[PDB]
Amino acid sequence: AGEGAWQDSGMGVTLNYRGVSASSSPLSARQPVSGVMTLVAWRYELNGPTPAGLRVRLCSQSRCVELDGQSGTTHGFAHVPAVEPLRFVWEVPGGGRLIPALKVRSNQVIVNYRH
């Protein structure tokens, strides 16, 4: 059914404060793609510790999925056009300095798709 997969990676955000929502730079296919997403695998790596209370989402143009842990798989992008970029979105709810900062060394996705 015209199946393929694309992948991409990049550096993520730095958060110095709670109560701030920040998006990583978009991840998108390097090859020409068409069709719709099926299963998406994701991973990220931090420099330093993870802040308690961290909320991470992975978002397409019109959908978002909550992430748990530093790697996983989701069917939440089923039927999303495969050409769409994916953004990691990060927040630690509240206020004041984040101690230490959230420092996202890398975040990546593998997107399976079909025609």
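From 1 onward, residues are counted along the sequence shown.
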Discussion item. If you take the mean CA temperature factor per stretch, which one wins between 93-101 and 12-20?
Written reply: 93-101
Item to complete: Would you mind comparing 21-29 and 103-111 for me and telling me which has the higher average C-alpha temperature factor in the entry?
Response: 21-29
Worksheet item: Going by the deposited entry, which of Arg63, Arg55, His75, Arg87 has the highest CA temperature factor?
Response: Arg63
Worksheet item: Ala41's Cα B-factor: lowest, middle or highest third of the chain?
Response: lowest
Fill in: Chain thirds of CA B-factor: placement of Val80
lowest
